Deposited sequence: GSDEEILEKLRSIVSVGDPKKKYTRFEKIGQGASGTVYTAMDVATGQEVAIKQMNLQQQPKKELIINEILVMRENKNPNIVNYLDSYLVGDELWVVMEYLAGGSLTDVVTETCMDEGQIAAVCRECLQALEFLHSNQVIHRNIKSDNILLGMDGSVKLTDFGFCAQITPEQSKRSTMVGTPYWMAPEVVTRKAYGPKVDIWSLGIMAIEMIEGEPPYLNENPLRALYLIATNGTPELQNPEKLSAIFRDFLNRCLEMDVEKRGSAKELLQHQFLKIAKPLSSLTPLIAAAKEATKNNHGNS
């Protein structure tokens, strides 16, 4: 594995115990996450800490070469990995969508910020491929930022398509599920599933097993709203252009950013009551 000396090349010297001090907020299997504070300017930071480390390289590379206000900023890296990124204290969007009710103004605000991140990434030939509420972090000010870039596909005019099944089943686009040639608009499909999260609390088929869900997406196509009557006609229009089977007819991030639905978006400060509610429900 000479891929390991490629990772040693990217990282910073050290020592890490001299810039950010120290302080265990959340943890999955793909590493664990912590918190800290910069000694210099007084900035507060988050730090994530075998199998398949090539994803890690891809995550660090893509991150530091695609900086954007709607993307969780990469900062530093040391030696497991000591990936340092900015700290968003509001937490994940998963907590908000599963524990609170969001009105269409709040949903619109989030969709807009996410579309801004996707319009930026796609214009830099990067497909995220794992959009879901779990990879949306919230600031205490209501900022909305995209994270988790390990499954990013870097495309180019010579190979602007992929056909591998990557992502998370409930959020994957039909073309990805059926191993067809797909592009950036798969992120738009995943965004649409995330919008359904924000409405109904979870993606379609979440009560089914991953394979059954995978099978259902492959055969059903566009998912159904339980109560489509609760939504406005312009929100439903927005949804149907995210979740179009015809990739040619599905909306890109650029053209979706101009949809009439995003016009009723509330200020991001309207999200802070959702955050406070999520945290109360979480405790």
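Comparing the deposited sequence with the modelled residues shows gaps at 1 to 3, 27, 54 to 58, 89 to 91, 296 to 301, with numbering starting at 1.
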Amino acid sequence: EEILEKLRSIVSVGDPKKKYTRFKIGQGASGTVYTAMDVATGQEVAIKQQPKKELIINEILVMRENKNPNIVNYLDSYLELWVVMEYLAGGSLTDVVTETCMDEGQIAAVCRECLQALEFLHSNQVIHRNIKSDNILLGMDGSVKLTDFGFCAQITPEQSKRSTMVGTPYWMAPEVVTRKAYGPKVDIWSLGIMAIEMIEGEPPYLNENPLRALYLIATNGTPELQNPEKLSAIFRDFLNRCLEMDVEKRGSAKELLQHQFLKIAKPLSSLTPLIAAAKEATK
From here on, numbers count along this sequence of modelled residues.
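When 90 to 98 is weighed against 160 to 168, 160 to 168 comes out higher, by mean CA B-factor as recorded in the entry.
Looking at mean Cα B-factors across 5 to 13 and 255 to 263, the upper value is held by 5 to 13.
Comparing the listed residues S232, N227, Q43, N68, the entry records the largest Cα B-factor for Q43. Which of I155, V177, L115, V144 has the largest Cα B-factor in the deposited entry comes down to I155. Per-chain ranking of the deposited C-alpha B factor places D187 in the lowest third. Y205: CA B factor in the lowest third of modelled residues in this chain (values from the PDB entry). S77: CA B factor in the highest third of modelled residues in this chain (values from the PDB entry). In the deposited entry, the Cα temperature factor of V83 places it in the highest third of its chain's modelled residues.
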